[PDB]
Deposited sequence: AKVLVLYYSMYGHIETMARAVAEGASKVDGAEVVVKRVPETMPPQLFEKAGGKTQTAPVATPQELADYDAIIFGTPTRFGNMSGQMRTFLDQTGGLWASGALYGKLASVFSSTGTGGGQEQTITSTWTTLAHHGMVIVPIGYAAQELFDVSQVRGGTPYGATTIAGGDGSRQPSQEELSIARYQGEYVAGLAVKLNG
């Protein structure tokens, strides 16, 4: 089964989370995992002025989403919605919609916030779009503690706190939940698709 971790990050928090999701997914024998980012929509001059972080991941096209059995979407919280960059990218999936290209495929979502507020709304409003595509939506609930690789309130998807100033980095507790999410979704993908 093929698993895509598709993300947008301005300052690297979601990028670090994406790498954790991919790490967990890679634990599943038979899962082929790929990490890509959506295009930055800001001119590079403005992105650099704003202290945006450069990233090694390849840029996804909308059309290539059709190639995967599961897609795990990562976005920062922007006033309780997904980012404009992710929204703009998803608005380019009308062709896939019309052909049924994503119907029945697995989808799951992770996020990041400065100070917590809005994270739930970001995830559930992303689910809405995934449902228009007919995707099967995978929340994380509160999984059995022994399934997390770090011993230790986010049932919709993994999250991390960036701090009011953006300077906080994901903790190992937060990354462990992201790794669980990837492993769990990839396992489902293999169970459904081989």
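Asks: Mind pulling out the bits of the deposited sequence that never got modelled, as residue ranges from 1?
Replies: In sequence order, there is one gap with no modelled C-alpha: 153-155.
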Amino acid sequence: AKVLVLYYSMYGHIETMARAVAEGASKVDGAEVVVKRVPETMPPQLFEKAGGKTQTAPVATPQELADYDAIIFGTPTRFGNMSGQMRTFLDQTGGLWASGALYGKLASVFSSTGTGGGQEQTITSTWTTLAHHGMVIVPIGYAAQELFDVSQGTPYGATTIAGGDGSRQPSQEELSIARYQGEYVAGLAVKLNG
From here on, numbers count along this sequence of modelled residues.
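Think of the rigid core as the biggest set of C-alphas that the two forms share within 1.5 Å after superposition.
Asks: Is the larger C-alpha RMS shift in 8 other deposited structures of this protein, relative to this form with the rigid core superposed, found in 52-60 or in 124-132?
Replies: It is 52-60 whose C-alphas lie farther from the shown form in 8 other deposited structures of this protein.
Asks: After a core fit, does 28-36 or 153-161 show the bigger CA gap to the shown form in 8 other deposited structures of this protein?
Replies: With the rigid core superposed, the C-alphas that lie farther in 8 other deposited structures of this protein are those of 153-161.
Asks: Compared with other deposited entries of this protein, is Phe148 missing coordinates in at least a third of those that cover its neighbours?
Replies: Counting only entries that model residues on both sides, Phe148 is unresolved in at least a third of them.
Asks: Between 132-140 and 31-39, which has the larger average Cα B-factor in the PDB entry?
Replies: Going by the record's values, the stretch with the higher mean is 31-39.
Asks: When the Cα temperature factors in the entry are averaged, is it 40-48 or 121-129 that ends up higher?
Replies: Stretch with the higher mean C-alpha B-factor: 40-48.
Asks: Looking at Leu147, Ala158, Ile161, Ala70, which one carries the largest C-alpha B-factor according to the PDB entry?
Replies: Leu147 has the highest C-alpha B-factor of those listed.
Asks: For the C-alpha B-factor as written in the entry, point me to the maximum among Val109, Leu106, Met82, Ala98.
Replies: Out of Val109, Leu106, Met82, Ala98, the record gives the largest C-alpha B-factor to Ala98.
Asks: Based on the deposited C-alpha B factors for this chain, I'd like to know if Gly114 is in the lowest, middle or highest third.
Replies: As the PDB entry reports it, the C-alpha B-factor of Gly114 lands in the middle third of its chain.
Asks: Sorting the chain's CA B-factors, does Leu4 end up in the lowest, middle or highest third?
Replies: Middle third, going by the recorded CA B-factors of the chain.
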